[PDB]
Each structure stands twice: as structure tokens, then as C-alpha cells.
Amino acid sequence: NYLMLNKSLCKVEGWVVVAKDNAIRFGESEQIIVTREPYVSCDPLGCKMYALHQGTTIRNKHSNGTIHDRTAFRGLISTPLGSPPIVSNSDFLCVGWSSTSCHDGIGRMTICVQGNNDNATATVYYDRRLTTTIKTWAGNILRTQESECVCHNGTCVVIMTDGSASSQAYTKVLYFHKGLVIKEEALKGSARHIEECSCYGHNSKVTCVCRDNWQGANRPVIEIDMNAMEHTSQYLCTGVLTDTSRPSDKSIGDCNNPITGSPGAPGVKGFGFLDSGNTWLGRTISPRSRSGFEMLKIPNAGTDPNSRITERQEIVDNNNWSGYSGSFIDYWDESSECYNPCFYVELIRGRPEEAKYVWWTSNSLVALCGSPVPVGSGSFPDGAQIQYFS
């Protein structure tokens, strides 16, 4: 029952919300687990939300200090898609402060990276059993995708980075079978820096849209042949810039070099679906802050430096906080002849942005899937009144 990526992407004319956990609203009174960098992964039995918990709930004195990325009290949880995460409905999968997870059609592989900054180790599980460990190779925050990996013919591909966040680093493309590394390649191609890849599968290939945290406000792209287990890397061709922060959009993009100019923030995790005319990119509305979120239809954004926005859908209006965004697909919808693009938006609340109200940072989640036909409109922000928490 190994997943074979034998399908193309569905045409997407618009997006609808399939899940929204409202975690922060509920978190005002219920024991909602403090989380960040969430994502969604499906498998033959359904879909679940995944997130990095902070070993505390919101209305808990330990919520103080949760802006920090890496502690010994972090781990990966999965909770039913659409539900806010509480202890009672959450599966504690592994311990660590960076993660990825995916199902190969028979078993789920999940990875957590734990330990000190200079001496970290990735813990790899298959079917919920420890299978292998991978030591830091650069000695500086070994880290991975923060969204679902993708599998094909029993092999799952994972993108990991080790080394400096703000200059040249050491990224590897890893191929796993049953939670064991069977092949590794150092990053090839023109992408100068790779972080937090959002990946999806199609026709025996995997496309990853990533984060250049070094120089680029245009997103790097990794292309993987899953049968040959080889890859190459590049940048998106559009001058429509979709990282944050970023300068104004250019008339002409650069397929092979990072476009610089970014005001301050070096990056945010994002995604895109590259399918010629059926090409959609995600983007914070603010070019400076993680506020708002919009889906842009940009035909051939992956190949044409003169590509332009043709359609736009607002997901979160610019008066509200967003954050990470990543791709996922139900690869086991056997009643559809195509893979339907889906994505999630992390809705970050608290610090640093709301430091005057609150000592914690957490997030809620909204998840969207594509429709081949025109849809209506609507904004889906976090919805909590932060003052309630002061």
C-alpha cells in the first residue's frame, strides 16, 4: 500500500476553509497547549494537525518565556484536524524543537530534532518506533521543514539544514525508507540558503518552496525526482516577492539569484504550488511584518521572470496577525483523479508583536483547500481579544 505519486495537481480557482482550531480564543479559559510552527499531514485514515508544543498551556505561569524557540520542554504533538490542542486530544510523538512528519502509505515517519545548539540530534521514528538518529554535521542548530514531508514508492524525502542562519549553511536532501536514511545529497543548484521547505508531491516528483533566510526575498525552490532520488535547486522566477520581509515587487524576477533589499526580518516559512498557469503563491500582506495573508495566482511564476499576478484571494486581512504557512495534500483521496492543493496558515499571537499585552507566544491554525470553481470571499483571523489575557 505504498503511496505512488501518480497524479497531477487539481486546477485551483479559489480556496475555502476546511479547518480552524480557534486555539487562542479557547485558550482564554480551556487548557490549550502553547504551540508554534504547526502543520497538517494526512494518511489513509484522515488528517491531523501537527505542532511544536512548549510543555505548558496558555493560562499557566510557564507560558511566560514561550517566545524562546528551543527548550528541553518542547516536543511534537498531533491533534485531530480542526480541534484546538489540549492534553486530552493530543498525541505526544517525539521530543524536540524542529520537526517533520509524513505517511508513506503504510507507515508514518516522523522526525524531531532535540538537544543543545552545537550538539543536536535528529530522532527518527517509523510506525511510532525509534529507527535512527542523525547527529549534527555542522554543529549549529540541526533543523528541518516544520511541515509535512512527502513519500513515493516507499521512499520519503526530507530537507534538513545545519549551520548559520544568516550566511552560508549546510543543507542536505535526505531519502528515507522505513525511517532509515538510504541516500543523502548535499544541496545542489543556485539556491544560496535553504530553510523550512514546504513540499508537495505530483507525478513521481516533489516540489519544495523554501525560505532564504540569508539574502533572498524571493523564495528558493527545490525540485526532486523521486524515482532517481536526485534534486536541483533554484529561485522562483517572478518579481512578485513572497518572503517576509521583502522590498516592493519587481517587474523582472531572477530565476537563479536572490533578490535583496529586505527591510528587516530575514524570512518566514512559506509555500507555493507550481503548475504552469495553475500556479499559486502565498504571502503575508505586509512586506515588513507577519500580518495578513493572501493567495496570489501567478501563471508560470516558477519559470517566467515577467510573470504577473492575475488573481488574488485574501485569507487573513492586514489588521490581523499571521505567520508560517505551508503546503499539504490528502494523497489518499481515491475518488479524485487529481491531488488537491491544501495549505495552512499559522496565526501567531503574543510576543514579540503583542509584548505589551502578554508574556507568551502561541498560535492558532486555519487550513484551506482548493476548489476548481470560483468561490466566495471571507477573512479568517485568529479572533482572540488579546486584552482578555492581560
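We number the residues from 1 along the sequence you see.
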Mean C-alpha B factor from the entry: is it higher for 51-59 or for 332-340?
332-340
Higher average CA B factor in the deposited record is what I'm after, so tell me if that's 255-263 or 268-276.
255-263
If I read the C-alpha B-factors straight from the PDB entry, which of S99, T123, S83, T232 is highest?
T232
Pick out which of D104, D91, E196, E184 has the highest C-alpha B-factor in the PDB entry.
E184
Name the third of the chain's ranked CA B-factors that contains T71, choosing lowest, middle or highest.
lowest
Would you mind ranking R246 by its C-alpha B-factor against the rest of the chain and naming the third, lowest, middle or highest?
highest
Would the CA B-factor of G378 place it in the lowest, middle or highest third of its chain?
highest
Mind checking which third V12 falls in for C-alpha B-factor across the chain?
middle
Temperature factor at the Cα of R351, chain-ranked in thirds, falls in the lowest
